[PDB]
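Following: one structure in structure tokens, then a few remarks.
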Amino acid sequence: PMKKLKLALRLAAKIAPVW
């Protein structure tokens, strides 16, 4: 399966969309 959602969620962990 594709784990793009998991990847994105880990990338967003370091690149935090705060504001």
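Following the order of the structure tokens, chains are lettered A, B, ..., residues in each are numbered from 1, and ligands are numbered from 1.
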_I need the residues of chain A that end up classed as helix (DSSP H, G or I) by DSSP on the backbone, written out as an MDAnalysis selection string._
chainID A and resid 4:14
Give me a file of those residues, with N, CA, C and O atoms, as a PDB file, in the first residue's frame.
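As written to disk, again18.pdb reads:
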ATOM      1  N   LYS A   4       1.946   7.294   2.024  1.00  0.00           N
ATOM      2  CA  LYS A   4       2.073   8.729   1.803  1.00  0.00           C
ATOM      3  C   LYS A   4       1.473   9.546   2.938  1.00  0.00           C
ATOM      4  O   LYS A   4       2.004  10.607   3.279  1.00  0.00           O
ATOM      5  N   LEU A   5       0.393   9.056   3.530  1.00  0.00           N
ATOM      6  CA  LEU A   5      -0.253   9.768   4.630  1.00  0.00           C
ATOM      7  C   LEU A   5       0.634   9.735   5.871  1.00  0.00           C
ATOM      8  O   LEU A   5       0.709  10.705   6.629  1.00  0.00           O
ATOM      9  N   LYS A   6       1.347   8.633   6.036  1.00  0.00           N
ATOM     10  CA  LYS A   6       2.207   8.433   7.175  1.00  0.00           C
ATOM     11  C   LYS A   6       3.461   9.264   6.989  1.00  0.00           C
ATOM     12  O   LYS A   6       3.931   9.914   7.921  1.00  0.00           O
ATOM     13  N   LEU A   7       3.977   9.258   5.763  1.00  0.00           N
ATOM     14  CA  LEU A   7       5.147  10.042   5.402  1.00  0.00           C
ATOM     15  C   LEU A   7       4.868  11.512   5.634  1.00  0.00           C
ATOM     16  O   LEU A   7       5.616  12.185   6.333  1.00  0.00           O
ATOM     17  N   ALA A   8       3.742  11.981   5.104  1.00  0.00           N
ATOM     18  CA  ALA A   8       3.335  13.374   5.236  1.00  0.00           C
ATOM     19  C   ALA A   8       3.184  13.762   6.698  1.00  0.00           C
ATOM     20  O   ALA A   8       3.574  14.856   7.097  1.00  0.00           O
ATOM     21  N   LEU A   9       2.663  12.845   7.493  1.00  0.00           N
ATOM     22  CA  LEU A   9       2.444  13.082   8.906  1.00  0.00           C
ATOM     23  C   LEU A   9       3.778  13.130   9.674  1.00  0.00           C
ATOM     24  O   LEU A   9       3.879  13.742  10.730  1.00  0.00           O
ATOM     25  N   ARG A  10       4.793  12.474   9.152  1.00  0.00           N
ATOM     26  CA  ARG A  10       6.104  12.503   9.784  1.00  0.00           C
ATOM     27  C   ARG A  10       6.885  13.712   9.334  1.00  0.00           C
ATOM     28  O   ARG A  10       7.608  14.319  10.117  1.00  0.00           O
ATOM     29  N   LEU A  11       6.703  14.086   8.088  1.00  0.00           N
ATOM     30  CA  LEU A  11       7.330  15.276   7.547  1.00  0.00           C
ATOM     31  C   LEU A  11       6.756  16.508   8.242  1.00  0.00           C
ATOM     32  O   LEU A  11       7.488  17.414   8.621  1.00  0.00           O
ATOM     33  N   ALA A  12       5.446  16.481   8.483  1.00  0.00           N
ATOM     34  CA  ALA A  12       4.740  17.560   9.178  1.00  0.00           C
ATOM     35  C   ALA A  12       5.138  17.630  10.650  1.00  0.00           C
ATOM     36  O   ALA A  12       4.888  18.626  11.324  1.00  0.00           O
ATOM     37  N   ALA A  13       5.728  16.565  11.155  1.00  0.00           N
ATOM     38  CA  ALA A  13       6.176  16.544  12.521  1.00  0.00           C
ATOM     39  C   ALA A  13       7.426  17.397  12.666  1.00  0.00           C
ATOM     40  O   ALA A  13       7.612  18.074  13.682  1.00  0.00           O
ATOM     41  N   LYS A  14       8.273  17.381  11.644  1.00  0.00           N
ATOM     42  CA  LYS A  14       9.489  18.177  11.667  1.00  0.00           C
ATOM     43  C   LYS A  14       9.253  19.524  11.029  1.00  0.00           C
ATOM     44  O   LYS A  14       9.797  20.530  11.468  1.00  0.00           O
TER      45      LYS A  14
END
